[PDB]
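Okay, so we've got the same protein chain twice, two forms, each given alone as structure tokens, structure 1 and structure 2.
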Structure 1
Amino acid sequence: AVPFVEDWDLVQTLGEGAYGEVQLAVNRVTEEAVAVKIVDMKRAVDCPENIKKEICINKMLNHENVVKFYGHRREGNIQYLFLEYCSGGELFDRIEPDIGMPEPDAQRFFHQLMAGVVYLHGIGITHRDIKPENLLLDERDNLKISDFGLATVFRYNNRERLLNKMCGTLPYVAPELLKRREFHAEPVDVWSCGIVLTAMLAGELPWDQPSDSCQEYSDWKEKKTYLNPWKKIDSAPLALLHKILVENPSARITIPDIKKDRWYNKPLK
């Protein structure tokens, strides 16, 4: 990227994954900032096909609560993806450990998260890695869904398909990924949104994983909401969490019903 780096200063690393890093690029003349995701395709034999899929998915996106994708180019074995710079950073860094954030803030971010997820689901895309590290903020603190490296199509025109890949970040993963051979895509993203809401409200993830061998998950199935993180959560958002974090995905609340929830619609301070 020799001509590009002559005109653009790769000022600093914004973040990192396993595939590579995200850099802040600032044009020396215009001072325009863009984020550059740099991926070494030699990290895995299937990395060229996976990055092709991420770019393909990125090209389909156009929504106020999704990070804008500008383009990409390959230079040898390195892939460069150019994205809208989200100067508010990760939602993760608005979460005070063991505290969370004010309830009106968490509600506003949750509404924006639902708008982004409704959009993705409406075009038949599932994110599969919703977590505060993958939710960015722009200069006005509007939430933007980011990192589509695990995203896939679950509906072709008006025909759904089930998914079977165990992927995502384990404390955010729905229990059906650990119990069913195949499962519907939408309830999985609904579940991870519920874990994000829990983290925003109490600054703590509730369990290592929603599995049989996890005591913290058994505690939640047993309605022990007098234990952390639940005891830090007001009854109104907790009632919504009781509908989202439902073990059976067919009984789990859908996004149209989340939009009808009392706390979701609650006028806060």
Structure 2
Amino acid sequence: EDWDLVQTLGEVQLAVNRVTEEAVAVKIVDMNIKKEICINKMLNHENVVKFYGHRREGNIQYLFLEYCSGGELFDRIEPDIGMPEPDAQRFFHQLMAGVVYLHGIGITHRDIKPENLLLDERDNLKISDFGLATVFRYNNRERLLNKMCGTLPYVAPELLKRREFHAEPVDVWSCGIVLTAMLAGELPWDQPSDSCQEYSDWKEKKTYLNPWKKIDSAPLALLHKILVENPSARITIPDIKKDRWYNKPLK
């Protein structure tokens, strides 16, 4: 109770300790929360929102989390424009670092989007909100996912047409949609279904349409590898790390 809740960040409130003046974010949820807490405890990476502690008072549960003064990545995207390629690439590298770490401890976020990618004072990206995250590897054994989870414009196509599916290619897909957003300042489709004209157009290689026309050939080639319908053919992270644009030096 040494923390004063200065303002509502998003419920999540900015909290400043009276003694140290340290600033953290506090997630206030009145009663899923248990799993989020469990998952958070496992996490320790420079590109994932740090979990400090939790305190439960009565029916109210408090989660203490790293405060990112930068705010969300979503705010760094100019509509219809995106952001400078060098900034996009840097955010993308940090995003891959975060995801590689999560997948490495068998955890999938399941809702990767710019709203859930926060920035600190140095504009370092931090993966945020593990309320929908789940274990997909335990005791070295992979568990396929069955629950439909996410945000439609970012979800992989298999999630909509498959009874069960691999967790990793789904997170790669959403990262691809985030990259598109950063480079084009717009989302390619409402959802990845054939009833969706925009998705159908992409599967037909109509890259003279937006948002594809706005994207340079190098990053677009990477997007051609990520936004692949067949999750088995989809490029994996180790291979993304070998992509030409990924490795291209930028201003």
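Numbering for residues begins at 1 and runs along the sequence of structure 1. So that the term is clear: the rigid core is the largest set of C-alpha atoms that superpose within 1.5 Å between two forms.
Among the residues 218, 235, 27, 62, the single one whose Cα moves by at least 2 Å between structures 1 and 2, once the core is superposed, is 27.
Note on residue 89: its Cα is shifted 0.4 Å between structures 1 and 2, core used for superposition. With the core fitted, the CA of residue 80 sits 1.2 Å away from its counterpart between structures 1 and 2.
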